[PDB]
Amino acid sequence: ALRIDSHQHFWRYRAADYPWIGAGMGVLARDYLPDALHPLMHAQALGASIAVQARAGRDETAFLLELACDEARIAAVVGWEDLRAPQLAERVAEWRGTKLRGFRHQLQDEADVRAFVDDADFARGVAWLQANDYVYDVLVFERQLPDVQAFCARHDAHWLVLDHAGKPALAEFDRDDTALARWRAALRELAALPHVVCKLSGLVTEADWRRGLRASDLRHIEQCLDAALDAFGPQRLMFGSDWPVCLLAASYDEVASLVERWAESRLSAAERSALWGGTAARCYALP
């Protein structure tokens, strides 16, 4: 019954080091450390979380590992390294045995994602990660999903986790169903690969949070949850809060509640257990 928040961040805030924290995101412009996450998780009966890199650099990985060293309720860390470096194996050696369970690059920020993932040096590193049972978290915008389809097919030796369900363009759902249909087609192409699993996190901030979440936004999010459910199946879905980023749109309790309401209506008891931590535990190999 292990319950896990599979996607959250920590930071000591410095503006220049967090360029993605921009205008209208003032709520994020402060420190978010384990002490602040504690009571949020207790309130939702989540026993542990997985801390994920919030900026590029070895020092982010070192930072998260130090936090994880001292807090039992951080079960794992998804870090950052230069996966193209031939010295990757030797740079990672000091982390073997620790809570480090995977890596993520911010692929969404690359100008040509297809070219990036096909780089020989990059492919070598990802190959090395998989041979050593490291997970890789895939982070892209929905339109970039075709750009990584073949990358995912090739690297089928260990688990790949799709962050935020592929970031459906929820702010565009209002016009018509084109955005849902486009994203859903690409999602299904990735979901057909059995080594790919899906994080149900980060949806409230893909909606137009600036104007404030609306009833329609909740309905649209439910369309995406259903779609992810249909494509991946209940055993490849994991809850994640995306705290503190989620706070742009909703409180930690509202994020959890939204998922729990959907889950209780769609899923069996056993399937809920997988969503709420069983899937995270097995993909990230959590004790």
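Residue numbers run from 1 along the displayed sequence.
Gaps at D121 occur in none of the other compared entries of the protein that contain both adjacent residues, all of which model it rather than a third dropping it. Gaps at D147 occur in none of the other compared entries of the protein that contain both adjacent residues, all of which model it rather than a third dropping it. For the pair 22-30 and 244-252, the mean Cα B-factor is higher in 22-30. Stretches compared: 143-151, 166-174. Higher mean C-alpha B-factor in the entry: 143-151. Note on the listed residues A191, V78, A93, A207: the highest Cα temperature factor in the record is that of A93. Per the deposited coordinates, the residue with the largest Cα temperature factor out of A43, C69, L258, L225 is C69. The PDB entry assigns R101 a C-alpha temperature factor belonging to the middle third of its chain's modelled residues. Ranked against the other modelled residues of its chain, the C-alpha B-factor of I221 as given in the entry falls in the lowest third.
Annotation for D137: C-alpha temperature factor in the lowest third relative to the rest of the modelled chain, per the entry. Ranked by Cα temperature factor within the chain, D35 sits in the lowest third according to the deposited record. Among all modelled residues in this chain, the alpha-carbon of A85 has a temperature factor (C-alpha) in the highest third.
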